[PDB]
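Form deposited in one PDB entry, single chain, as structure tokens, below.
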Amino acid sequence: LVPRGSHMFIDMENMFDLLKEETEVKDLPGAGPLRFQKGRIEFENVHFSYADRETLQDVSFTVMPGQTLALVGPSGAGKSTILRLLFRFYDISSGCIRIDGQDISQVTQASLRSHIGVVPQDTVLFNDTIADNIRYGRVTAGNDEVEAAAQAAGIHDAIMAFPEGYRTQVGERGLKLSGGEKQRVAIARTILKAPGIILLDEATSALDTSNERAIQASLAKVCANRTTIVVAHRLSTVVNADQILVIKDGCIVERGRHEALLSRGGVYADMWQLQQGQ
């Protein structure tokens, strides 16, 4: 058969390109680098939808440079989505997201992400030396910098007990890192990238008490003077956050510090009373 109408001019290579899965986001022509100053974050009246329910509805907030904002709320509320949007994994249908006064949709995605450290629920380990796994944070970094990141992340000492030190093959085809060593690797990667903003999605598993306390101290280290948004599962994170947004069905139903949320007696307070069990 002879393809007719518009079909005679269709480009098959374009049809195969459109079949691909993560169909993603474009830099707008002429976009320059994010001019990052101190990492102030702003969501103004943000709306977003994956499908036919709005996932996020009129979501507004600010994170001042160096402050931590915790997202909490029921499953499916849209917490993780918020981090995704700041990374510009997706575009928003309305409203505006800014870093230091600049629409994140109008700078290069490359520069945007160069200033963001993502600490994910769980850690991709590559089939590579422990040193190259850390260097993943910033590929051009010196060995000295890898060791400094590892030192700050609390993993240097475990690594020195490995049979080939920093050269020890890890991942699937290498030495098994413990669950705690893997988390520390993600931390070391982030310390090495040295971003001005951290996006932290807390693991919903936990390790033993003393390890959990150690990892939590190492995380608080990486976040301490960086603007941070955390999807918070741990009560200690929320207690110590500079601000908490309580999200329910895509809407920020309440916000403030821990103590002010408790004294408000609303949904957060209900959560805290329930976990307390007095």
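By rigid core we mean the largest C-alpha set that fits within 1.5 Å across both forms. When you see a residue number, it is the position in the sequence shown, counting from 1.
What follows is about the form deposited in another entry, which we do not show.
Superposition on the rigid core between this form and the one not shown places the CA atom of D270 less than 2 Å from its counterpart.
In a rigid-core overlay of the protein, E22 has its C-alpha displaced by at least 2 Å between this form and the one not shown. Relative to this form, in the other entry the C-alpha atoms of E22 and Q121 separate from one another by 3 angstroms or more. Three angstroms is the minimum change: in the other entry, the CA atoms of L18 and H47 sit closer than in this structure, by 3 Å or more.
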